[PDB]
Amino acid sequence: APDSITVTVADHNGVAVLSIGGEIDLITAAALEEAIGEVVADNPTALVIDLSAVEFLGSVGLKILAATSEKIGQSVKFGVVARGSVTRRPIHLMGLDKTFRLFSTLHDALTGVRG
């Protein structure tokens, strides 16, 4: 992946947690898509994408999150951690908070993505 994005993969009792940091733009978009693809290929029962550390969420990133929800939402419990001006705000401004479940913290997403 480019140096301007960071992607880590973790597990919380079977919930896959994909944590993104740095900037999500046209330069780093492929790396983000590839990381999501890999996680989804392992058939998680639930997936939380944590955007807590994201410093810039470009429109391409909004597209990726919406597409992911549409692609997997029927088969995988899906959630996104986003708060503040960079991530949560444009997701709401575009109305995409209705398209996937947003959580303010990882704790909420983990306790909420299952039940």
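From 1 onward, residues are counted along the sequence shown.
Going by the B-factors listed in the PDB entry, is the mean over the C-alpha atoms higher for 47-55 or for 63-71? Per the PDB entry, the higher value belongs to 63-71.
Averaged over C-alpha atoms, is the B-factor higher for 75-83 or for 35-43 in this PDB entry? Between 75-83 and 35-43, it is 35-43.
Relative to the other modelled residues of the same chain, rank the CA B-factor of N13 and answer lowest, middle or highest third. Middle third of the chain for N13's C-alpha B-factor.
Can you tell me whether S19 has a C-alpha B-factor in the lowest, middle or highest third compared with the other modelled residues of the same chain? Its C-alpha B-factor belongs to the lowest third of this chain's values.
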